[PDB]
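Peer 1: Contents are compact mmCIF, C-alpha atoms and all ligand atoms; file name run.txt:
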# COMPACT_ATOMS: atom_id res chain seq x y z
CA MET A 43 -1.46 -20.21 5.73
CA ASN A 44 -1.76 -17.03 3.66
CA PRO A 45 -5.00 -15.69 2.31
CA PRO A 46 -5.25 -15.00 -1.40
CA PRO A 47 -3.88 -11.53 -2.08
CA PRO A 48 -6.29 -8.60 -2.48
CA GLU A 49 -7.93 -8.35 -5.90
CA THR A 50 -6.11 -6.21 -8.41
CA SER A 51 -8.95 -6.29 -11.01
CA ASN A 52 -12.75 -5.86 -11.07
CA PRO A 53 -14.45 -6.99 -14.27
CA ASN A 54 -17.15 -4.79 -15.64
CA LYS A 55 -16.30 -2.10 -13.04
CA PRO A 56 -15.97 0.97 -15.24
CA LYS A 57 -12.59 2.60 -15.81
CA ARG A 58 -11.26 6.13 -16.16
CA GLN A 59 -8.04 8.08 -16.53
CA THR A 60 -7.63 11.11 -14.25
CA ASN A 61 -4.82 13.46 -13.37
CA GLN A 62 -5.19 12.41 -9.72
CA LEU A 63 -4.84 8.69 -10.55
CA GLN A 64 -1.89 9.36 -12.84
CA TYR A 65 -0.24 11.35 -10.05
CA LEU A 66 -0.92 8.56 -7.53
CA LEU A 67 0.91 6.01 -9.72
CA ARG A 68 3.70 8.02 -11.36
CA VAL A 69 4.48 10.35 -8.40
CA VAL A 70 3.17 9.06 -5.04
CA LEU A 71 3.58 5.28 -5.50
CA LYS A 72 6.76 5.65 -7.60
CA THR A 73 8.43 7.82 -4.93
CA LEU A 74 7.52 5.52 -2.03
CA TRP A 75 8.43 2.41 -4.05
CA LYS A 76 12.00 3.66 -4.55
CA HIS A 77 12.59 4.67 -0.91
CA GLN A 78 15.26 2.81 1.06
CA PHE A 79 12.58 1.41 3.42
CA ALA A 80 10.02 0.37 0.75
CA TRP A 81 10.99 -3.34 0.60
CA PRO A 82 8.84 -4.63 3.51
CA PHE A 83 5.78 -3.04 1.86
CA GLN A 84 6.26 -4.00 -1.80
CA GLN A 85 4.25 -7.26 -1.54
CA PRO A 86 1.71 -8.96 0.75
CA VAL A 87 3.02 -10.19 4.09
CA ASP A 88 3.96 -13.85 3.58
CA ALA A 89 3.16 -15.20 7.03
CA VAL A 90 4.27 -18.72 6.15
CA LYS A 91 7.66 -17.72 4.81
CA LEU A 92 8.24 -15.22 7.61
CA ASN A 93 6.77 -17.60 10.20
CA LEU A 94 4.18 -15.18 11.61
CA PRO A 95 1.24 -17.58 12.13
CA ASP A 96 -0.87 -15.01 14.04
CA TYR A 97 -0.52 -12.26 11.38
CA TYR A 98 -3.78 -13.01 9.51
CA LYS A 99 -5.56 -13.83 12.78
CA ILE A 100 -4.89 -10.20 13.76
CA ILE A 101 -4.92 -8.41 10.39
CA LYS A 102 -8.21 -8.98 8.58
CA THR A 103 -7.82 -6.20 5.97
CA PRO A 104 -4.36 -6.73 4.48
CA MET A 105 -2.82 -4.22 2.11
CA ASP A 106 0.59 -3.51 0.55
CA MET A 107 2.15 -1.32 -2.15
CA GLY A 108 2.49 -4.23 -4.59
CA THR A 109 -1.27 -4.58 -4.57
CA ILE A 110 -1.73 -0.78 -4.80
CA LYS A 111 0.67 -0.53 -7.74
CA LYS A 112 -1.16 -3.28 -9.62
CA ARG A 113 -4.56 -1.70 -8.86
CA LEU A 114 -3.37 1.62 -10.31
CA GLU A 115 -1.77 -0.08 -13.34
CA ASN A 116 -5.00 -1.94 -14.08
CA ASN A 117 -7.38 1.02 -13.45
CA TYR A 118 -8.94 -0.75 -10.50
CA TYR A 119 -9.55 2.57 -8.71
CA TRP A 120 -12.23 5.00 -9.89
CA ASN A 121 -11.80 7.55 -7.06
CA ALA A 122 -8.41 8.73 -5.76
CA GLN A 123 -9.72 8.26 -2.20
CA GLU A 124 -9.89 4.47 -2.77
CA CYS A 125 -6.15 4.47 -3.33
CA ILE A 126 -5.45 6.82 -0.44
CA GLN A 127 -7.53 4.55 1.79
CA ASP A 128 -5.40 1.51 0.78
CA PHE A 129 -2.19 3.34 1.73
CA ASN A 130 -3.80 4.24 5.06
CA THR A 131 -4.81 0.62 5.71
CA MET A 132 -1.26 -0.56 4.95
CA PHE A 133 0.29 1.76 7.51
CA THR A 134 -2.45 1.17 10.10
CA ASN A 135 -1.91 -2.62 9.88
CA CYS A 136 1.76 -2.12 10.70
CA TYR A 137 0.85 -0.27 13.93
CA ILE A 138 -1.74 -2.91 14.86
CA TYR A 139 0.61 -5.90 14.57
CA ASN A 140 3.98 -4.42 15.60
CA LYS A 141 5.39 -2.63 18.66
CA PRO A 142 6.94 0.84 19.31
CA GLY A 143 10.60 0.86 18.28
CA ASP A 144 10.33 -2.17 15.95
CA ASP A 145 12.32 -1.62 12.73
CA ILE A 146 9.15 -2.09 10.62
CA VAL A 147 7.36 0.64 12.61
CA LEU A 148 10.26 3.10 12.06
CA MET A 149 10.15 2.27 8.36
CA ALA A 150 6.36 2.74 8.15
CA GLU A 151 6.67 6.12 9.87
CA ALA A 152 9.25 7.32 7.35
CA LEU A 153 7.16 6.10 4.40
CA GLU A 154 3.99 7.62 5.86
CA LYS A 155 5.73 10.98 6.23
CA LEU A 156 6.89 10.82 2.61
CA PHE A 157 3.35 9.75 1.56
CA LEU A 158 1.88 12.84 3.27
CA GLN A 159 4.49 15.10 1.59
CA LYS A 160 3.53 13.77 -1.89
CA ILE A 161 -0.25 13.60 -1.30
CA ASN A 162 -0.08 17.28 -0.25
CA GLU A 163 0.62 18.10 -3.92
CA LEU A 164 -2.19 15.92 -5.32
CA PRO A 165 -3.89 17.68 -8.25
CA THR A 166 -7.52 18.84 -7.93
CA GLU A 167 -10.43 16.87 -9.56
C1 LIG B 1 8.15 -7.87 10.11
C2 LIG B 1 7.49 -8.62 8.99
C3 LIG B 1 6.85 -7.65 8.01
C4 LIG B 1 7.29 -7.29 6.63
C5 LIG B 1 8.45 -7.84 5.85
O1 LIG B 1 8.27 -7.76 4.66
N1 LIG B 1 9.55 -8.39 6.37
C6 LIG B 1 10.58 -8.89 5.59
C7 LIG B 1 11.47 -9.75 6.22
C8 LIG B 1 12.48 -10.35 5.48
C9 LIG B 1 12.63 -10.08 4.12
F1 LIG B 1 13.64 -10.69 3.47
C10 LIG B 1 11.77 -9.21 3.45
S1 LIG B 1 11.91 -8.88 1.85
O2 LIG B 1 11.24 -7.64 1.53
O3 LIG B 1 13.31 -8.74 1.50
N2 LIG B 1 11.29 -10.08 1.15
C11 LIG B 1 9.85 -10.09 0.92
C12 LIG B 1 9.55 -10.79 -0.40
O4 LIG B 1 10.20 -12.05 -0.42
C13 LIG B 1 11.62 -11.88 -0.47
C14 LIG B 1 12.15 -11.21 0.80
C15 LIG B 1 10.74 -8.62 4.20
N3 LIG B 1 6.44 -6.39 6.10
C16 LIG B 1 5.48 -6.06 6.96
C17 LIG B 1 4.35 -5.11 6.69
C18 LIG B 1 5.71 -6.86 8.19
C19 LIG B 1 4.81 -6.79 9.36
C20 LIG B 1 4.74 -8.00 10.25
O5 LIG B 1 4.08 -5.83 9.56
Please express what this file holds, its structure, as structure tokens.

Peer 2:
Amino acid sequence: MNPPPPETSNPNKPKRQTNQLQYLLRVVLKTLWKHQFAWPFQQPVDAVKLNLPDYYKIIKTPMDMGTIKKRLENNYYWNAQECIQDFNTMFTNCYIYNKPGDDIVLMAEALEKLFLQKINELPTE
């Protein structure tokens, strides 16, 4: 079966607004979210629905842009690097589970390239 999705809230964890976090939501995440190849990454992998019973045997640190979006929207991240790390985990997972030439790998590559292009313009903190 599926695990519960990653937490999108931490109670009593303090909260802040920063230019970097705003940029991560309204520029980086927004741009990736709207890309033609975003759809496979907009929610947790549903291994039951997609019939991938080994997925969560292999991937022990799941991440997706749906989770990242909700973390940003709920001020779950204090440091920009926490968010950048989540993006990195998402892409890495795709290369762990899938093979060269797979459609999902081509899509992750395109999204990762776009991610790098937008993170290049991240404001200073
Ligand atoms: C290859 C499986 C996979 C996906 C993926 O999502 N495949 C997918 C297949 C069929 C679909 F229909 C949709 S869907 O986006 O349209 N969809 C999801 C929400 O419910 C409605 C339908 C998505 N994503 C990742 C990271 C991986 C792997 C194994 O790495």

Peer 1: If you count all atoms listed in the file, which residues end up within 9 Å of ligand LIG 1 (chain B), as a PyMOL selection string?

Peer 2: chain A and resi 80-89+91-92+94+97+105-106+132-133+135-140+144-147+150

Peer 1: With distances taken over all atoms listed in the file, which residue among A:43, A:167, A:63, A:68 lies nearest residue 95 of chain A?

Peer 2: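 Selected residue with least distance to residue 95 of chain A: A:43.
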
Peer 1: To one decimal place, how far is atom CA of residue 53 of chain A from atom CA of residue 109 of chain A in Å?

Peer 2: 16.5 Å

Peer 1: So the first atom is atom CA of residue 117 of chain A and the second is atom CA of residue 102 of chain A; what is the distance between them in Å, to one decimal place?

Peer 2: 24.2 Å

Peer 1: Between A:90, A:153, A:67, A:158, which is the closest to residue 116 of chain A once you count only C-alpha atoms?

Peer 2: A:67

Peer 1: Do you know which residues are at most 12 Å from residue 162 of chain A counting only C-alpha atoms, after dropping those on the same chain fewer than 6 positions away, and could you put them as a list in words?

Peer 2: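 Near neighbours after the sequence-gap exclusion: residues 62, 65, 66, 69, 70, 126, 155 and 156 of chain A.
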
Peer 1: Out of A:59, A:54, A:134, A:73, which residue has the shortest atom-to-atom distance to residue 103 of chain A when counting only C-alpha atoms?

Peer 2: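 With only C-alpha atoms as the atom set, the closest residue is A:134.
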
Peer 1: Which distance in Å separates atom CA of residue 115 of chain A and atom CA of residue 71 of chain A, to one decimal?

Peer 2: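 For atom CA of residue 115 of chain A relative to atom CA of residue 71 of chain A, the distance reads 10.9 Å.
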
Peer 1: Pick out the closest residue to residue 112 of chain A from this set: A:125, A:160, A:46, A:142. Count all atoms listed in the file.

Peer 2: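 The shortest atom-to-atom distance to residue 112 of chain A comes from A:125.
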